[PDB]
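Residue numbers (our numbering), protein chains in the order written: chain A, 1 to 411; chain B, 1001 to 1409. Read the structure below first, then the notes.
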Amino acid sequence: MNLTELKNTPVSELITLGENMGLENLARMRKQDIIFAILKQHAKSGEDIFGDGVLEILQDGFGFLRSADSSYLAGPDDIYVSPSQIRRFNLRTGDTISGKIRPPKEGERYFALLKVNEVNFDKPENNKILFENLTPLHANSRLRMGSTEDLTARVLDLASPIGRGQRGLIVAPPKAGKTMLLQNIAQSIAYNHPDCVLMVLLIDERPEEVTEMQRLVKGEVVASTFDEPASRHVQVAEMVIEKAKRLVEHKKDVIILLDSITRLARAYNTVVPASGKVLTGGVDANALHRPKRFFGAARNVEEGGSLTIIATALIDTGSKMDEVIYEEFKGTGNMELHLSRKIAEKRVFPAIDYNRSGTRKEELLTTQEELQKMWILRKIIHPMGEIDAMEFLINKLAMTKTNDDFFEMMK
Amino acid sequence: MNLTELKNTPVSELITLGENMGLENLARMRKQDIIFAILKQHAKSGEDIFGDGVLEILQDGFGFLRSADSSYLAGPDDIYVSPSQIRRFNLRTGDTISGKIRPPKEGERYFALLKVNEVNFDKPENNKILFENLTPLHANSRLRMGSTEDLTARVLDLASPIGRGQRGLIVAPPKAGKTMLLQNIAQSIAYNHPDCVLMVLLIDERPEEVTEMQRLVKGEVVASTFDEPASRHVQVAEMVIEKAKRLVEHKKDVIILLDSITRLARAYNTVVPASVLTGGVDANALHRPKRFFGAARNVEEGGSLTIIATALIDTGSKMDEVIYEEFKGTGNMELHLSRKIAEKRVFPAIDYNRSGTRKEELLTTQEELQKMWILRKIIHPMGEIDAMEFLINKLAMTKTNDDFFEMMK
């Protein structure tokens, strides 16, 4: 069987399989001791053990496979890759590895990976790295989004059209419905575009919210809580983007939605021993380089594939660190969507500033007929106040669909 | 035969090149090592292999011919220049050197240049440095700047005529078409003035547009993305100004277009910690960004170096506005972009009342100046949106000088 499989087995059934297979009562033993014992009894016959994991290469050289459901956390069931195995196949961080593991020796609780069978869901010999892929304006295909929750999807597609490979910065003041808005986008994106793999990341997010994201966001949900150290927040972030980079190289569309790029930057600030040590806005100037790489990784590939990251920076938090990080991240993102607090005080759920919301290179993302519709919307909203414009666009969009809303407003 | 040529040749032919030269199994090898293996085995005879690059002499002395295709970046395609080569030809920062290279031997990991054939596109010892040659007001010859693209270019010649040696400061708020204007000037530069070599440089620009800019602008376009540290932004900038300085020393006019002098300044304050903050920026840090801008000068001894930089304003960070306030009054060119004008979807989006260049009298013929004064008088009472609407419907009926006859009717 597969090692990842034995963990998915409930402990009650897993013992029953083991008892007939030559074990004693392992109810006393831990779940992992049951896993280790199972491999030990199967070592009687050739080619019995299999495994799956995501490659992570540590500083020293060697590496451990990481499970994505556990958020690439660390533990005793992770599989060891030799420094030769990595170089032999020229394996790269984020490569999905499916290899035969050998039974561990005695005294060593690390499972040795003997040979790898599949790399990136493909044969052992397989390309292009994202740093070498060509980068267009990433406005070639557009990501499209009656119910009450689609109202946010209707306004979002009209206010700031997201595209394949586009870096979205959704700036959110506190208590603006940031979490619900990202959730309504996440489920709707997966429905409209099943080809795109959703990879939501939560950084410095409360443990209450991670469970909701597990239940309502319909894709790989990797997260980091404040209960985990700052080194943990950065570790989960690089693993996800590096894996996403490997999938665009294999012409697979992946979309990632980050809950707090601002807090991700603070985590890099604490790991870097302040290289610059001169800009005194609370963050090390050269240290905000590493958060910028995360934001810079999102790119449409001409050669095939799409990486689109729509992250949310927090503003008006009262802490200079979060405000300084936003100001350095201003102008790097081509999508800008401001979640005004004042509108949220009026209890309309979208709480979007339509006048400040806009996308760069909207002409490649939008059809000329729709662009002509969008410009008309801008004409009424430029004089209109943002608090009262938003109420205007939801009651009328509740009665018809986007295109049909324009079909009856032609009088 | 030349390293730069093997860089441009596709990999499929490179496999045939190595196989015909006696090497085996070459498709598996990497792109640079396939180049290296071809170059290394070509060492059967001397004077066969060549290379090209722009000189960078680091704080220690070791010079490297960095390739311009990657925007003077670093990596294994760099050519090593010895500290001895420096004194022989008196090499200076920015010197473009094209010499025969030898492949490295064991114990050295970079390519060595044997002898230099051309220095600054001329003989090996063909000097006078830009730091002291005479500098007039730089208004002796004008860079003149019929289609939709000529409508955008026409207003600049009427509002603020760019000339040879002029320090350009065009203030551009966000979402005002800053990039579209910068490409339109660059496009107009190559056709009307191919004699001057155009060198648009982008600092802290997103990688999406860098590919756009290189394809639509017809010249070497060096840029640096924000995904790179602040030390990267300073390195690419120093190369451009010094390379431009050395080419003006050889009686060639060079024009460089900075997409954000503000972000170039943001890089310098963050890298320098020599030891006073006036608005969050270190005061002594603004000299080196000023050194970049101050280099644009017409030389009496021959040549003109034109830096037309674009300052960013009202970005929401007090820091970016402070860079403008200290660079205020240093720039000879003023072309003021406006957010409200671009928001009303009128295409040019220039503020004519405040847009103007100093010493228009040396730049313009006496016939043209009189048109300039009356046009200033007609639009000086007019507001901001109403000036451009005035200058776009009327410019649709005739081109450049012929507009004066439609205004005197």
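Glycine residues also receive a C-beta, built at the ideal position from the N, C-alpha and C atoms.
query	result
Distance CB(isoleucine 1308 of chain B)-CB(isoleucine 1255 of chain B) smaller than 9 Å	yes
Neighbour list for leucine 113 of chain A in chain B, Cβ cutoff strictly below 7 Å	Ordered by position in chain B, no residue passes the 7 Å Cβ test against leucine 113 of chain A, which lies about 24 Å from the chain.
Counterpart residues of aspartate 1122 of chain B in DSSP-defined beta bridges	B:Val1119
Helix, strand or coil at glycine 1294 of chain B according to DSSP, with G and I counted as helix	helix
Three-state secondary structure (DSSP) of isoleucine 101 of chain A	strand
Per-residue burial, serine 224 of chain A [other beta carbons within 10 Å of its own, 16 or more giving buried]	buried
8 Å Cβ shell around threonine 270 of chain A - same chain, five flanking residues per side excluded	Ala230
Whether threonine 96 of chain A touches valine 301 of chain A by CB criterion (9 Å)	no
N-terminal and C-terminal residue of the beta strand (DSSP E) that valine 171 of chain A is part of	168 to 171
Minimum C-alpha distance to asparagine 1090 of chain B - residue among B:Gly1063, B:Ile1101, B:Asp1314 and B:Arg1142	B:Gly1063
Local Cβ density within 10 Å of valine 217 of chain A, reported as buried at 16 or more and exposed below that	buried
Members of the segment 315 to 349 of chain A that neighbour chain B once the beta carbon cut-off is set at 8 Å	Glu327, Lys330, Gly331, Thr332 and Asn334
Within-9 Å CB hit, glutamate 1208 of chain B to chain A	yes
Residue-chain proximity (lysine 1175 of chain B, chain E), Cβ-Cβ < 9 Å	Judged by its chain identifiers, the structure shown contains no chain E, and its protein chains are A and B.
Any 3 or more C-beta pairs closer than 8 Å across the segment 256 to 270 of chain A and the segment 147 to 157 of chain A	no
Cα-Cα separation between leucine 371 of chain A and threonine 1262 of chain B, rounded to whole angstroms	32 Å
9 Å Cβ cutoff met for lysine 1290 of chain B and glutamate 1326 of chain B	yes
Separation of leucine 1391 of chain B from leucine 1312 of chain B, as counted between CA atoms	25 Å
CA-to-CA distance, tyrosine 72 of chain A to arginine 66 of chain A, given in whole angstroms	5 Å
CA nearest to the CA of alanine 37 of chain A, picked from A:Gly53, A:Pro104, A:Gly46 and A:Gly99	A:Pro104
Residue-chain proximity (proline 1076 of chain B, chain A), Cβ-Cβ < 9 Å	no
Inter-stretch contact at 8 Å, needing at least 3 Cβ pairs: the segment 1241 to 1248 of chain B / the segment 1279 to 1287 of chain B	no
Limits of the alpha helix (DSSP H) - the one that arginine 1354 of chain B falls within	It is not in any alpha helix (DSSP H) - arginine 1354 of chain B instead sits in the beta strand (DSSP E) that spans 1350 to 1357.
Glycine 1316 of chain B to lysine 330 of chain A span [Cα, whole Å]	9 Å
Uninterrupted alpha helix (DSSP H) stretches inside the segment 1197 to 1266 of chain B (no shorter than 4 residues)	1207 to 1216 and 1230 to 1249
Residues of the segment 1267 to 1281 of chain B with Cβ closer than 8 Å to any Cβ of chain A, in chain order	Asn1269, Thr1270, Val1271, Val1272, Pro1273, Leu1277 and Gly1280
Spatial distance of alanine 159 of chain A from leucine 1003 of chain B (CA atoms)	49 Å
Contacts of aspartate 1033 of chain B in chain A (Cβ-Cβ under 9 Å)	Ordered by position in chain A, no residue passes the 9 Å Cβ test against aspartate 1033 of chain B, which lies about 13 Å from the chain.
Contact with chain B by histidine 382 of chain A, beta-carbon distance below 9 Å	yes
Member of A:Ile35, A:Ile79, A:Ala389 and A:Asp60 whose CA lies at the smallest distance from the CA of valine 54 of chain A	A:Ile79
N- and C-terminal bounds of the beta strand (DSSP E) containing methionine 335 of chain A	335 to 338
Chain A within 9 Å of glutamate 1212 of chain B, Cβ atoms only	yes
Short-range partners of chain A found in the segment 1224 to 1235 of chain B, where Cβ spacing is below 7 Å	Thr1225, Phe1226, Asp1227, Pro1229 and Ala1230
Delimiting residues of the beta strand (DSSP E) encompassing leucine 1395 of chain B	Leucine 1395 of chain B -> no beta strand (DSSP E), and no H or E assigned at all.
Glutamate 323 of chain A versus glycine 296 of chain A - alpha carbon distance	20 Å
Contacts of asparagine 286 of chain A in chain B (Cβ-Cβ under 9 Å)	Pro1229, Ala1230, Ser1231, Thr1270 and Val1271
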